[PDB]
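Participant: Attaching a single structure in structure tokens format; questions to follow.
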Amino acid sequence: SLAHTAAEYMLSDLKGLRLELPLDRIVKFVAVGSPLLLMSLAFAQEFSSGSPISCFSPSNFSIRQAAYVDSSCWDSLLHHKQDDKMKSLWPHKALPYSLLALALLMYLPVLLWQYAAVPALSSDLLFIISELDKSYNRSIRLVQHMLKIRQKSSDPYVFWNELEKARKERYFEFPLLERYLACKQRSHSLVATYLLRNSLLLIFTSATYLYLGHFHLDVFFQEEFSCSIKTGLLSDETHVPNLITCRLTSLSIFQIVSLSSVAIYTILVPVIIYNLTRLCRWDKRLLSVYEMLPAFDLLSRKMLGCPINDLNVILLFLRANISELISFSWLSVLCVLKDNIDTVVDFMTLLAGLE
Amino acid sequence: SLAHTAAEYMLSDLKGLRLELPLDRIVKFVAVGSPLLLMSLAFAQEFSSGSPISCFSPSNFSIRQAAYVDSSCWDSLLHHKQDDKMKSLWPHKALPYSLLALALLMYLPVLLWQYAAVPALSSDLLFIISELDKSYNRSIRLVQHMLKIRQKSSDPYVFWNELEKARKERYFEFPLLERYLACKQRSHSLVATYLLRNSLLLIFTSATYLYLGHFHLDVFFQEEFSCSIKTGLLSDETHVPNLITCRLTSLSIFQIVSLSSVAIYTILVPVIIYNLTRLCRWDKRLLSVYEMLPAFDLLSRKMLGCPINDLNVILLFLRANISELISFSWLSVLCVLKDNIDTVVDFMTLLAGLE
Amino acid sequence: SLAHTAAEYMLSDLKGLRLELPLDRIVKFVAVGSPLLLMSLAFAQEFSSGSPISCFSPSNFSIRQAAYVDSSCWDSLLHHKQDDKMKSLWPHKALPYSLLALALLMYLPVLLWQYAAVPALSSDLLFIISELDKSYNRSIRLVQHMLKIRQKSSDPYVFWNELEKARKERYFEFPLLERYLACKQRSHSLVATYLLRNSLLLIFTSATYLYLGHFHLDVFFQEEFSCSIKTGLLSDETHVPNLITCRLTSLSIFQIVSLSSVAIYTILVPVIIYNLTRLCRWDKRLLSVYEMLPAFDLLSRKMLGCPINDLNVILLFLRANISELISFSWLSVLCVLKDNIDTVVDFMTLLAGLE
Amino acid sequence: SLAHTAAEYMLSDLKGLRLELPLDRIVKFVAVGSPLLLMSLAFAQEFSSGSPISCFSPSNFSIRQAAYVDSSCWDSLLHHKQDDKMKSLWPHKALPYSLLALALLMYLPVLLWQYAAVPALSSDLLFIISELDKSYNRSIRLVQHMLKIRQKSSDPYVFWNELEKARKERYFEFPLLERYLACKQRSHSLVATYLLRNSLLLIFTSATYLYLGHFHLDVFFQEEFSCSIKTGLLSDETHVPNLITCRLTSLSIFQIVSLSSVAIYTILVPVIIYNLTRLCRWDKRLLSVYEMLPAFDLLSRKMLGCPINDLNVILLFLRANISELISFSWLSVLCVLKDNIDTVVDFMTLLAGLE
Amino acid sequence: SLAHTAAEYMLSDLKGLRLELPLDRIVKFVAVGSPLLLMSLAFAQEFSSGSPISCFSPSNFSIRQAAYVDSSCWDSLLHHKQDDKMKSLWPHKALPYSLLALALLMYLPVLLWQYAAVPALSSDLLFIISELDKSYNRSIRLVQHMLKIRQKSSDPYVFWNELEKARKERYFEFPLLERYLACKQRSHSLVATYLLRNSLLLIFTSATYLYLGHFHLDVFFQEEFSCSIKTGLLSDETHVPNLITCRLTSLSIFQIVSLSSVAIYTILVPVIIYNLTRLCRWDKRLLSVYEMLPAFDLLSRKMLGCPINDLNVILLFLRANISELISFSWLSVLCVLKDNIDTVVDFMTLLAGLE
């Protein structure tokens, strides 16, 4: 089927970065995969194929012109309703093309996200990681003598005086990164991509709802109609003027695909809503440990104002990207320090796991 | 067929870690693959296809008339049972969709396992594995200068009297490891994932039994039924009012798929029960060698209280991954000492195979 | 279908260079993919296939006779129009062939570009980047003490008039690149390839429009036609001389294909127009920082005369490749300095991020 | 076809070890592949498909009537044999399903082998090879002073006695192995796995013979039968009471499948018998070179007791792996010493063959 | 198609050794692929498919009566020849099965070759290539000072007398390898594999000719045959006793398959005959250059006795491997010396092209 190749054409599956959320991956996955799956179910071997429309021809007729008549109406689905209001049945014919259209409209926002923000993002995260890769062997290297000063000095002279002068000495400061982050907060050109990506999906879901409301739900329990043939050069013939008892064959598939289309998108709407609201608030679930590391305190320090900035997005992506191989280390081990007190344990643990 | 794609789309097959037990692999593969293979066998080349419904119309009707007659009942399958009680045979129509739904529902728990437990569990293992493997560095060298003191000594003095102070020093102390293991002993945030994984499977099996009992097994030996067409625009016609002897064609497939479905799950229940019960007890099959190594003994030390703790799942997965490439060593070889005596043999075995 | 193999035969996807602009990528993608997708949609399982023609044979005719009569007209599509002017319907038979021909004609410019300009342009670009990377090699490395002694002496007469002296110093000049740029600047053997590539595409689009105008849009609302059979050995037979009410089945597919072939190409025209026009002006968006670098100033200084020079396409390809792996660094970071002043910050940032 | 995907799912094809003997491997291929291949032959394009059953209904019955008549007996195959004993020919319906059952039964033992023996057995092999690697480099390290004394020695001290004294000193000793070898010889936990692996195949081929004997071989020359349709709601009708001359179309493929199934397994049985008997005796085809080698002598020294020991399968799996990359050496080159004896000869070759 | 997949299981395409001659590869390819391709052509879409056999039933018969008549004779191919001698026509039905049998029978010999001689041949070739790699640098480090004394001495002491002694000193010899070659050249265990591999193919070609002669060439031009149905339960019926004018549809496929099968083998046989004859003589077409090199002279020295030896086959595979990457060197450059004379040139050339 056509949906087979299209699956790996759209939803097919640097070198050390994850530039997408798992939630975003799942929502795009389901949004692109649902229409193709329903369409594949609609016209495959699972349901018996054959003639989509059948009509009860008179017994006088032979097979050939009966095939003509019931084939001349499949392309002319238009009900002569006497309940002489003339009604159309085109959605039953146009359903698969509509499904493919929705499938492409689902994939379009992914293309915009890929083209509009990937390179600029890729530069920044890689630069930050390359800078922060070795913040560990700067602390322990120079802050190792704190214990070695402890036994030969007093409480405040070590914890509040010897851990006081080392801070203002060029071994920890990163003024280049400070300048960089200060510049970044002015930028607003990347949050636009994310908000547009979510808003387009919301608009497409609304369009799907209005399409399923205005046109569908009207022919939902109708299985029979009366069509006509004598509307041309066949009007001067001796046969039935209005064909009788024409019944569609694939109503159940229509019902199930409509119901699945409603259900999947209605259950996915909250996921996209939550995706949008994640960026509406500053996040500080673990700042307590971040304010102590020599360079990690910078991101916590610039935690002010409206959360709508590129800093929020880059830190959100980074927090998922702190677990590759080198930040996938001590930074993950700092779970036991969870309850002056940092006098000995906070330094014994740091100097214990050197590498 | 859609089953072919769905096979590798569902059950498709770090870098040194096995986060999946073999029994879990077997149960997940069997449970996900059974409905797919059954539904594929139902509608493939093995059984000749055609019209799943057959009817015996009188010879008066034309071929198209018979086609309309028997094609109008496959989608409207409803028996006029006189034994005028109305009965439906809709499971015969809904079998493949039900099998597909069962296949998806079986894959639901796997996503929860991969999304809620993989990162934390993977992060937890390798650090413990490294702290665990750094053993013969500071254990065979603790003994090389210690075994040489035996001959110039007495029975208790060298290996029964100074051993306790030979193990109480800044060589065996691992406060980081003790604190980490105790902290995860108190925690319970991962065992819930395993419990939910097993409980969802049990609930889904129970729902499968309910569905197979309530709806199925009622129309199981019934293969003929009477239907009617004159329930609409064509009721004003001269023909039979109630159709006679419409017979199901694929009853054998129906019964075989039902029997296979019930049999596979009644076979599968015991192994998942065993998987649930595995975690309820402490593993103490091989602690005799663990309580001797400098780092191994700590694992055996904290075995207290109820067996419902995370430490259990970490140690259980550690047992599976205890033999990768470097731990894939003496661990496997410390199996000859299965029967004071440890004076020479226990130490010559160590000092023989350095590397 | 046939297009399945051709899809990866034509549209299928050094080691560090991008020799293709993303806009050109999407243009080629859509341009070659539209005809294949349309023809795949036209003759696949999405719409019921069979006999594309139906005719109303008299009831006396045999089924073999009717099959012979109707199958004798699809290879002889010639309507006996009385509105005895003879109109033929060859496009309804030849549309797949036309679509495939347009697919090859779309592909021709791609191979033209791949076999006319790739080697020379690739070699030139990789050379240029190779010597251009020496900019950072000199950059600040020789200035390590030149900056370390300036603050010990006075401010504006050790590091404010020695900029020329440092440039005059025999490491900053790049005599090789000057002659190369001049020789390229007079050359015009590369811009002709791009101009012809755009012109050939636009001429082909105009040809598509002419084809869709002259032959199509005439038999566009016509669905019924009359044919004749007695034009040979069948003249001396007793039957109808002119066959009556022959209706083509796939009119909707005809209309859909025509409208799509119009719409996608009308959308495609503006983007190729803009791609053609991108070379009418010089690019001066980030040369402000460039005219400080020791080697990048050579590129900036040679912005003279008519913009139709090979250096235009050279710099166009260069700007995309300026973010590969090594230039994908500080050069991308120098965006903070966007408002004497360059005394410290413009130089503190340089001396901060060495490597 | 279904057999296509199952082929690569079932019989499809560390990093330096061959865990499976060639005989067992080829037996596995033939045993799992014969049913799939013959079943694919049964229902593919090689032989014409269609309606497997044919009946000669009299001309009075219509198209649909005869279709119902000959379609109602394929699922209800029961010959009213007058030679009134009803004989059922259900194997003609249960053939492919029984073949698939046999296919699964064939693949059960291999998963038993791979899940019950591979984990435990994989461990000690690398230990064995690691300590077996030492012997070569130790011999060059040890035996180069030994021959250095030979030229100034008389003869017995390098050829007869002192050499035997010279070897038994702590450079030529492998004490840790000696403890492992005897205890592993005492174990029997692995021979049972091999015995079960072969016994399952023997039992299943015996079951196959019983199935082909009891049920088949009776309906083998029979191709025509008389059935009945008046056994229900069709009893009150005016037509023939018992079907006349219903003939099977696929008797030839039935006979070919039976003959191939019996013949392939009849040829296969002696191979598995020989694979069984391979473990009943010890292999001493090359112990003459082994008994002089540093570590290979120990394997030959422990030649006692019954041939049902784990060391037997251990040495069997090593001999398949003595030719990987390092033992793929002089060991293999020692084929020329096949006929005071090794004056320099042996030593001359070893010292000459550094690596 | 069935033979589609069998192609890639059968004829699908160390790490530096070629264990097959290209002539053997191509003859194996054609021998296994010709029946498969002929089968594919014989039962594919290239011809219109359908019923292989047709009969001219009387017009009184119904459609099912004719279908039963011609479907009851395709599996009962037996001509009631009156030119009442009974003649069969089974080959027209058994052709594909015989073809698949041929495909397997010509496929056994490659398996016999790949399991019988590949390991030992690979061992010998890899040992030889690993050992004989020194000779290049070994010679130059010894023959670098012969030009020192060429000008400072005369003919006897640089060119004809002391060179032999300079050659025969303990930097030249390699006893490990000429001691190796004796048992191999006396061995005859590998020529048997090659001779049986060729003889089997000769036997199978002869058997194919016998099958094509005894059975074919008789049913070659006759196109019509008469069959009968009244030979059982249908004898007591009123219809034709002997069927009239039953015509077979696919005579052309039969003829073309037979002609192609005979022609491909009558052109294939000379290749295998020449391959067999290749080993019947010693090969000496470059030994003028080998007889001078240090280690290559040993191979050219042991050219005695009958050419039926393991040395013949080992050198036959060696010569195909003398151009991999390191013997793909000067050894290939010694072509310019193709015409005392070697006084100066034959050392200048060797000493110049070092690396």
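Chain identifiers are assigned as A, B, and so on, following the order in which chains appear in the structure tokens; residues are numbered from 1 within each chain, and ligands are numbered from 1 in order of appearance.
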So that I can check the surroundings of residue 336 (chain C), please list as a compact mmCIF listing (two decimals) with N, CA and C atoms, in the first residue's frame every protein, DNA and RNA residue that reaches within 9 Å of it, counting only C-alpha atoms and ignoring chain neighbours fewer than 4 positions away.

Facilitator:
# COMPACT_ATOMS: atom_id res chain seq x y z
N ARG A 179 29.25 36.66 29.87
CA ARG A 179 28.89 37.56 28.77
C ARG A 179 27.94 36.88 27.80
N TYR A 180 28.23 35.62 27.47
CA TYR A 180 27.40 34.87 26.54
C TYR A 180 25.97 34.75 27.05
N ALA A 182 24.46 36.48 29.39
CA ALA A 182 23.84 37.79 29.51
C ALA A 182 23.32 38.26 28.16
N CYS A 183 24.07 37.99 27.09
CA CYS A 183 23.60 38.33 25.75
C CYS A 183 22.39 37.48 25.35
N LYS A 184 22.40 36.20 25.72
CA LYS A 184 21.36 35.28 25.27
C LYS A 184 19.97 35.67 25.78

Participant: Taking the DSSP secondary structure from the backbone, can you list the residues of region 151-230 of chain B that are helix (DSSP H, G or I), as a ChimeraX atom specification?

Facilitator: /B:155-161,163-167,175-186,191-214

Participant: Compile the residues of chain A that lie within 9 Å of chain C, evaluated using only C-alpha atoms, and express the compilation as a PyMOL selection string.

Facilitator: chain A and resi 1-2+5+43-44+50-52+61-65+67-68+71-72+75+93+96-97+115+119+123-124+127+174-176+179-180+182-184+232-234

Participant: Let me make sure I understand: if you superpose chain A onto chain E using all C-alpha atoms paired in order, what RMSD in Å results?

Facilitator: 0.6 Å

Participant: Quick one: everything within 9 Å of residue 102 (chain B), counting only C-alpha atoms, minus sequence neighbours fewer than 6 positions away in the same chain. Send it as a ChimeraX atom specification.

Facilitator: /B:32,35,204,208

Participant: Expressed in Å to a single decimal, how great is the separation between CA of residue 263 (chain E) and CA of residue 213 (chain E)?

Facilitator: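 So the two atoms, CA of residue 263 (chain E) and CA of residue 213 (chain E), lie 13.6 Å apart.
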
Participant: I want to know what sits within 10 Å of residue 288 (chain A), based on only C-alpha atoms, with residues of the same chain fewer than 5 positions away left out; could you give that as a PyMOL selection string?

Facilitator: chain A and resi 293+297+300+338

Participant: Using DSSP on the backbone coordinates, identify the residues of region 100-348 of chain C assigned to strand (DSSP E); present them as an MDAnalysis selection string.

Facilitator: chainID C and resid 224:225 246:248

Participant: Please list as JSON, numbers by chain every residue within 12 Å of region 270-277 of chain E, counting only C-alpha atoms and excluding residues in the same chain fewer than 3 positions away.

Facilitator: {"E": [21, 22, 23, 24, 25, 26, 27, 28, 30, 31, 191, 192, 194, 195, 196, 197, 198, 199, 200, 201, 202, 203, 205, 264, 265, 266, 267, 280, 281, 282, 283, 307, 308, 313, 316]}

Participant: Next, dump the selected residues to file, keeping only N, CA and C atoms, as an mmCIF file, in the first residue's frame.

Facilitator:
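File produced: selection.cif:
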data_model
loop_
_atom_site.group_PDB
_atom_site.id
_atom_site.type_symbol
_atom_site.label_atom_id
_atom_site.label_comp_id
_atom_site.auth_asym_id
_atom_site.auth_seq_id
_atom_site.Cartn_x
_atom_site.Cartn_y
_atom_site.Cartn_z
ATOM 1 N N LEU E 21 38.704 -19.464 -7.104
ATOM 2 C CA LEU E 21 39.111 -18.876 -8.367
ATOM 3 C C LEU E 21 37.921 -18.173 -9.020
ATOM 4 N N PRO E 22 38.162 -17.059 -9.718
ATOM 5 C CA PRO E 22 37.045 -16.369 -10.387
ATOM 6 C C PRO E 22 36.317 -17.238 -11.397
ATOM 7 N N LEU E 23 37.035 -18.118 -12.099
ATOM 8 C CA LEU E 23 36.378 -19.040 -13.019
ATOM 9 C C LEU E 23 35.433 -19.979 -12.278
ATOM 10 N N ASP E 24 35.882 -20.525 -11.144
ATOM 11 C CA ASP E 24 35.004 -21.359 -10.331
ATOM 12 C C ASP E 24 33.813 -20.560 -9.823
ATOM 13 N N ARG E 25 34.049 -19.314 -9.408
ATOM 14 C CA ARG E 25 32.960 -18.469 -8.935
ATOM 15 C C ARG E 25 31.911 -18.253 -10.019
ATOM 16 N N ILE E 26 32.345 -17.918 -11.236
ATOM 17 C CA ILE E 26 31.392 -17.624 -12.302
ATOM 18 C C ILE E 26 30.660 -18.887 -12.742
ATOM 19 N N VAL E 27 31.357 -20.028 -12.802
ATOM 20 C CA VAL E 27 30.680 -21.250 -13.228
ATOM 21 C C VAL E 27 29.678 -21.691 -12.168
ATOM 22 N N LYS E 28 30.026 -21.527 -10.888
ATOM 23 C CA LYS E 28 29.065 -21.806 -9.826
ATOM 24 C C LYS E 28 27.855 -20.890 -9.942
ATOM 25 N N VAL E 30 26.601 -19.305 -12.615
ATOM 26 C CA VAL E 30 25.740 -19.626 -13.750
ATOM 27 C C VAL E 30 25.031 -20.959 -13.523
ATOM 28 N N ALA E 31 25.747 -21.958 -12.995
ATOM 29 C CA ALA E 31 25.158 -23.271 -12.776
ATOM 30 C C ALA E 31 24.011 -23.238 -11.778
ATOM 31 N N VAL E 191 43.715 -32.525 -2.872
ATOM 32 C CA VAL E 191 43.398 -32.714 -4.284
ATOM 33 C C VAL E 191 42.135 -33.553 -4.440
ATOM 34 N N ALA E 192 41.861 -34.433 -3.472
ATOM 35 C CA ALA E 192 40.644 -35.236 -3.513
ATOM 36 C C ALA E 192 39.405 -34.354 -3.478
ATOM 37 N N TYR E 194 39.043 -31.207 -4.545
ATOM 38 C CA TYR E 194 38.861 -30.543 -5.833
ATOM 39 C C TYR E 194 38.368 -31.520 -6.895
ATOM 40 N N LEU E 195 38.975 -32.711 -6.956
ATOM 41 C CA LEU E 195 38.578 -33.663 -7.988
ATOM 42 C C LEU E 195 37.140 -34.121 -7.784
ATOM 43 N N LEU E 196 36.726 -34.344 -6.532
ATOM 44 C CA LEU E 196 35.338 -34.729 -6.297
ATOM 45 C C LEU E 196 34.390 -33.574 -6.595
ATOM 46 N N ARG E 197 34.796 -32.339 -6.282
ATOM 47 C CA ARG E 197 33.950 -31.187 -6.577
ATOM 48 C C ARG E 197 33.690 -31.067 -8.072
ATOM 49 N N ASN E 198 34.719 -31.285 -8.892
ATOM 50 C CA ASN E 198 34.513 -31.221 -10.338
ATOM 51 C C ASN E 198 33.764 -32.446 -10.864
ATOM 52 N N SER E 199 34.113 -33.639 -10.371
ATOM 53 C CA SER E 199 33.490 -34.864 -10.857
ATOM 54 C C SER E 199 32.003 -34.900 -10.543
ATOM 55 N N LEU E 200 31.596 -34.385 -9.379
ATOM 56 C CA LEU E 200 30.171 -34.313 -9.088
ATOM 57 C C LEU E 200 29.454 -33.462 -10.124
ATOM 58 N N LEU E 201 30.018 -32.302 -10.471
ATOM 59 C CA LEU E 201 29.364 -31.437 -11.449
ATOM 60 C C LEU E 201 29.268 -32.114 -12.810
ATOM 61 N N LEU E 202 30.332 -32.809 -13.227
ATOM 62 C CA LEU E 202 30.242 -33.593 -14.460
ATOM 63 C C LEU E 202 29.115 -34.619 -14.378
ATOM 64 N N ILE E 203 29.002 -35.310 -13.241
ATOM 65 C CA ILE E 203 27.977 -36.338 -13.085
ATOM 66 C C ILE E 203 26.583 -35.725 -13.151
ATOM 67 N N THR E 205 25.683 -32.898 -14.655
ATOM 68 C CA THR E 205 25.404 -32.504 -16.034
ATOM 69 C C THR E 205 25.029 -33.712 -16.888
ATOM 70 N N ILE E 264 22.806 -23.898 -22.132
ATOM 71 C CA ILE E 264 23.658 -23.348 -21.081
ATOM 72 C C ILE E 264 24.627 -24.410 -20.569
ATOM 73 N N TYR E 265 24.189 -25.668 -20.517
ATOM 74 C CA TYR E 265 25.094 -26.717 -20.054
ATOM 75 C C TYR E 265 26.099 -27.116 -21.128
ATOM 76 N N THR E 266 25.680 -27.164 -22.398
ATOM 77 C CA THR E 266 26.639 -27.485 -23.450
ATOM 78 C C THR E 266 27.666 -26.376 -23.641
ATOM 79 N N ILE E 267 27.393 -25.165 -23.147
ATOM 80 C CA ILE E 267 28.440 -24.145 -23.159
ATOM 81 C C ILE E 267 29.190 -24.114 -21.826
ATOM 82 N N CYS E 280 46.544 -30.747 -13.971
ATOM 83 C CA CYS E 280 47.238 -31.901 -14.529
ATOM 84 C C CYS E 280 48.703 -31.631 -14.857
ATOM 85 N N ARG E 281 49.154 -30.379 -14.792
ATOM 86 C CA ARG E 281 50.537 -30.057 -15.112
ATOM 87 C C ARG E 281 51.071 -29.059 -14.096
ATOM 88 N N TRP E 282 52.392 -29.052 -13.933
ATOM 89 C CA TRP E 282 53.051 -28.025 -13.141
ATOM 90 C C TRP E 282 53.089 -26.723 -13.932
ATOM 91 N N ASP E 283 53.033 -25.601 -13.221
ATOM 92 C CA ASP E 283 53.021 -24.282 -13.841
ATOM 93 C C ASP E 283 54.367 -23.610 -13.594
ATOM 94 N N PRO E 307 52.284 -33.995 -10.947
ATOM 95 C CA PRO E 307 51.640 -32.765 -10.466
ATOM 96 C C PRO E 307 50.440 -32.985 -9.558
ATOM 97 N N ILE E 308 50.081 -34.231 -9.265
ATOM 98 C CA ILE E 308 48.908 -34.522 -8.423
ATOM 99 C C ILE E 308 49.415 -34.527 -6.986
ATOM 100 N N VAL E 313 47.953 -27.589 -5.461
ATOM 101 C CA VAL E 313 46.751 -26.820 -5.156
ATOM 102 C C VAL E 313 47.075 -25.654 -4.224
ATOM 103 N N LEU E 316 48.452 -23.051 -6.305
ATOM 104 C CA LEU E 316 47.399 -22.527 -7.169
ATOM 105 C C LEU E 316 46.575 -21.464 -6.452
#

Participant: Can you pull out the residues contacting residue 90 (chain C)? Cut-off 12 Å, using only C-alpha atoms, and skip same-chain residues under 6 positions away; I want them as a list in words.

Facilitator: residues 73, 74, 75, 76, 77, 78, 79, 96, 97, 98, 215, 216 and 219 of chain C

Participant: Quick one: everything within 10 Å of residue 136 (chain D), counting only C-alpha atoms, minus sequence neighbours fewer than 3 positions away in the same chain. Send it as a list in words.

Facilitator: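 That gives residues 132, 133, 139, 140, 141, 142, 293, 294, 295, 327, 330, 350, 354 and 355 of chain D.
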